[PDB]
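S.K.: Let me give you the structure first, and then I'll get to my questions.
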Amino acid sequence: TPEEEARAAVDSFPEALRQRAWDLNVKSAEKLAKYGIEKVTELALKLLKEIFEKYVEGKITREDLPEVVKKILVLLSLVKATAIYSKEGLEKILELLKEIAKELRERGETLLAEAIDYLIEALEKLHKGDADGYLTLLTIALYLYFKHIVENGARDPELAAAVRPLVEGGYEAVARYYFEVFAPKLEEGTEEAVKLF
Numbered sequence: 002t003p004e005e006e007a008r009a010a011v012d013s014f015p016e017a018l019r020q021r022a023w024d025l026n027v028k029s030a031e032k033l034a035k036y037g038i039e040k041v042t043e044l045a046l047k048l049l050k051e052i053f054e055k056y057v058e059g060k061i062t063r064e065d066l067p068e069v070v071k072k073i074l075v076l077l078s079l080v081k082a083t084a085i086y087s088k089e090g091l092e093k094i095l096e097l098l099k100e101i102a103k104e105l106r107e108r109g110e111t112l113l114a115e116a117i118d119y120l121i122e123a124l125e126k127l128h129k130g131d132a133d134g135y136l137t138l139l140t141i142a143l144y145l146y147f148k149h150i151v152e153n154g155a156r157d158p159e160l161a162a163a164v165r166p167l168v169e170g171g172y173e174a175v176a177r178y179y180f181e182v183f184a185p186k187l188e189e190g191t192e193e194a195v196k197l198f
């Protein structure tokens, strides 16, 4: 099963590295939880809606890419804080993501919709405190996201070319990218979120 294979990929990496990623998520969540979980959730919902509305309208150009990544990093930091500390807030964020995934599927962005389904599942594992289950589902969500970029690479061929080795390398390559590149960037998202308050 995709979940079993991705999980196997996650377990092949050193425990210390996985523990670092987990500890980093929790520290970011505590930093954001200091600002009120209701406020964190409200901001998360606002940013999620903005990003989705802009995306569907095709107003994200290649020139726009650095700013959107920053907005996503903030959104993920806020959402993760909510997943750790508020079931009700989490339920609202998840409900919205399910609607977005359905809409994207109806629009034919099927891989992106699948990526979002797996993000939703990862957030539920995060809420339950399952670090390995979280990293497994997050790896699948990133893999599907990159696959979406490669299948749509006509929109940014260079970006497709950059992430293609990750797709060709499978869940192991995606997990490797996460541990070595993505997880350290979480702090960047947290800092931008702090600035918003």
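Position in the sequence shown counted from 1, then plus 1, gives you the entry's author numbering.
We put the beta carbon where it would ideally sit given N, CA and C, even for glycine.
If you check the beta carbons only, do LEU138 and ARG19 fall under 8 Å apart?
M.R.: no
S.K.: When burial is assigned at 16 or more other CB atoms within 10 Å of the CB, is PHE180 buried or exposed?
M.R.: buried
S.K.: Distance, Cα to Cα, residue 1 vs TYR86?
M.R.: Residue 1 lies beyond the range of the chain shown here (2 to 198); nothing can be said about it.
S.K.: Measuring only the C-alpha atoms, how far is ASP12 from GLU173?
M.R.: CA-to-CA, the gap between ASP12 and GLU173 works out to about 10 Å.
S.K.: Just reading off the alpha helix (DSSP H) that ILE52 is part of, what are its end residues?
M.R.: According to the DSSP assignment, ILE52 belongs to the alpha helix (DSSP H) that extends over 38–57.
S.K.: So, helix, strand or coil for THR137, using DSSP?
M.R.: helix
S.K.: If you measure between the beta carbons of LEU167 and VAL175, is that distance less than 8 Å?
M.R.: In this structure, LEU167 lies near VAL175, with their beta-carbon atoms less than 8 Å apart.
S.K.: What is the rounded straight-line gap between the Cα of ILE61 and the Cα of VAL69?
M.R.: 8 Å
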